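Letter by letter, the chains look like this.
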Amino acid sequence: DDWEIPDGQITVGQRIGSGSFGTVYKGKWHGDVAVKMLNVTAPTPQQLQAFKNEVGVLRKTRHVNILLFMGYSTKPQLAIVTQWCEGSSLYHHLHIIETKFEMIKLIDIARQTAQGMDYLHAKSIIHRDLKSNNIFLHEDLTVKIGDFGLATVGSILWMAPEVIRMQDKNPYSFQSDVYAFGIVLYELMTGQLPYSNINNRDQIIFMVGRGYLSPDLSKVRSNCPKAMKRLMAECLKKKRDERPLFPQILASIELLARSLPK
Ligand SMILES: CCOC(=O)c1sc2cnccc2c1Nc1ccc2c(c1)=CCC=2NO
């Protein structure tokens, strides 16, 4: 049953980038896998803890739309092994290679991301770092929500105002996750990162916190359904309690889906 992998089983190859608390690599372990690794000579109890935390979280997830946790290793170094996604993250698709997705597809990406979160929230798992960087597109047609380093039971554009102005003790809730999802909906419908016309970060932070700046929703592409625009505004509510929860969100996306191809 248990998920530890004995030393020497994980062949670590190409370095591909970074995730929360570690470096990501493409590896082999009964096929292609992704490997997030500490690569520190000796781990701090600080690091040891965030590692044991994440593993504990991942092992409660088993879902199409949640990046499949496969195993962990503490042996050569601290490392988490997950399935491989050939074809890049949603952030990369949108703001790096500039994939021009069709609308029908964009809504389906949004329908799966919603689907995955509903699952996590049903299991009382707050992601706390949802962004397009953490939304992976497996073989170009299947959304896998990844990176649970911050989840519970640095990147500010997806952060709800409440979270931005650090008060009280815990600003992170289902509602804060909904906000994050709201911004990825923005990226999808606009093909742009929010506040793109402001070049000062500490201004964007300040301003979102005091609520002087919200995402400019009149930038959604003309064939984005009125129903979809409405849901987006609902997610990006400054007051957190005026946001819907994912069960209600998902329903809306599935209703606008059926009345689209016709
Ligand atoms: C170019 C940078 O991209 C990366 O960071 C990539 S490319 C890729 C491909 N397939 C799966 C994951 C990834 C990935 N990121 C991640 C992010 C978090 C991860 C991870 C891989 C393995 C365990 C873990 N924590 O839960």
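1. Comments concerning the side chain of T23
Point 1. Within the secondary structure layout, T23 lies in strand β2 (residues 22-28).
Point 2. In terms of polar contacts, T23 uses its side chain to reach the side chain of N39, at 3.4 Å.
Point 3. Ignoring anything within four residues of it in the chain, the contact list for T23 reads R15, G17, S18, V35, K36, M37 and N39.

2. Section: the domain arrangement of the protein chain
Point 1. Domain annotation of the protein chain identifies domain 1 (1-86) and domain 2 (87-262).
Point 2. Between the C-alpha centres of domain 1 and domain 2 there is a distance of 26 Å.
Point 3. Facing the 20 residues of domain 1 at the interface are 24 residues of domain 2.
Point 4. The contact between domain 1 and domain 2 buries some 1800 Å² in all, and 60% of this surface belongs to carbon and sulfur atoms.
Point 5. Counting across the domain 1 and domain 2 interface gives 1 salt bridge.

3. Looking at the packing of aromatic side chains
Point 1. On inspection of all chains with the given rule, the structure shows 3 aromatic pairs.
Point 2. Taking the centre distance of 6.3 Å and the plane angle of 80° together, the rings of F51 and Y72 count as edge-to-face. With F51 in helix α1 (residues 45-58) and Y72 in strand β4 (residues 69-73), this residue pair connects regions lying 21 residues apart in the sequence.
Point 3. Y72 gets classed as buried once you look at its relative accessible area, which sits at 5%.
Point 4. On the numbers, 6.2 Å between centres and 65° between planes, the contact of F206 with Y212 is edge-to-face.
Point 5. Between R128 and the ring centre of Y172, over which it is positioned, the NZ or CZ distance is 4.6 Å.

4. Details of the pairing of strand β1 (residues 11-19)
Point 1. Here 6 bridges tie β1 to β2, and the two strands are oriented antiparallel to one another. Along β2, the bridge assignment pairs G17 with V24.
Point 2. Hairpin connection of β1 to β2: 2 residues between the antiparallel strands, including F21 at a positive phi of 40°.

5. What to know about the nonpolar core
Generally speaking, nonpolar side chains in soluble globular proteins are found buried as a group.
Point 1. Counting residues in hydrophobic clusters, the biggest one holds 65 residues, and the most contacted among them are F148, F181, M189 and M228.
Point 2. In terms of residue count, the dominant contributor to this core is helix α5 (residues 174-190) (10 residues).
Point 3. Among the domains, domain 1 (1-86) and domain 2 (87-262) are the pair contributing at least three residues each to this core.
Point 4. When near neighbours in sequence (up to four residues on either side) are disregarded, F148 contacts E54, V57, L58, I66, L120, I125 and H127.
Point 5. Grouped together as the second largest cluster of nonpolar side chains are 9 residues, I5, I10, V33 and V35 included.

6. Comments concerning α5
Point 1. End to end, α5 covers 24 Å across 17 residues, agreeing with the expected 24 Å (1.5 Å per residue, within 8%).
Point 2. Of all 17 residues in α5, 16 are buried, a share of seventy percent or more.
Point 3. Of the residues one or two after α5, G191 is the one with positive phi, at around 65°.

7. A few points about empty space enclosed by the protein
Point 1. Taken as a whole, the largest cavity spans an internal volume of roughly 80 Å³.
Point 2. Forming the boundary of the largest cavity are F21, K36, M37, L38, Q47, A50, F51, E54, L78, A79 and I80.
Point 3. Among the secondary structure elements, those contributing two or more residues to the lining of the largest cavity are β3 (32-37), α1 and β5 (79-83).
Point 4. The element contributing the most residues to the lining of the largest cavity is α1, with 4 residues.
Point 5. Among the residues making up the lining of the largest cavity, the classes are represented as 8 nonpolar, 1 polar and 2 charged.

Rules behind the numbers
- Residues numbered from 1 in each chain as written, not as in the entry; some residues may be left out.
- Heavy atoms only, no water.
- Helix = DSSP H or I, 4+ residues; strand = E, 2+ residues; numbered from the N terminus.
- Polar contact = N/O pair within 3.5 Å; in protein donor to acceptor, adjacent residues only side chain to side chain.
- Contact = heavy atoms within 4.5 Å.
- Domains from an automatic or database assignment.
- Buried area = accessible area lost by both parts, 1.4 Å probe.
- Salt bridge = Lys/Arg side-chain N within 4 Å of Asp/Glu carboxyl O.
- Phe/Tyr/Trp six-rings, centres within 6.5 Å; stacked < 30°, edge-to-face > 60°.
- Buried < 20%, exposed > 50% of the residue type's maximum accessible area, 1.4 Å probe, protein only.
- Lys NZ or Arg CZ within 6 Å of the ring centre and 35° of its normal.
- Pairing = 2+ DSSP bridges.
- Core = buried A, V, L, I, M, F, W, Y, C linked by side-chain atoms within 4.5 Å.
- Expected span 1.5 Å × (residues − 1).
- 1 Å grid on protein atoms, 1.4 Å probe; cavity = no way out; pocket = protein on both sides within 12 Å on 5 of 7 lines; lining within 4 Å.
- Points joined across faces, edges and corners; volume = space filled by probe spheres on them.
- Nonpolar A, V, L, I, M, F, W, Y, C, P; charged D, E, K, R; others polar.

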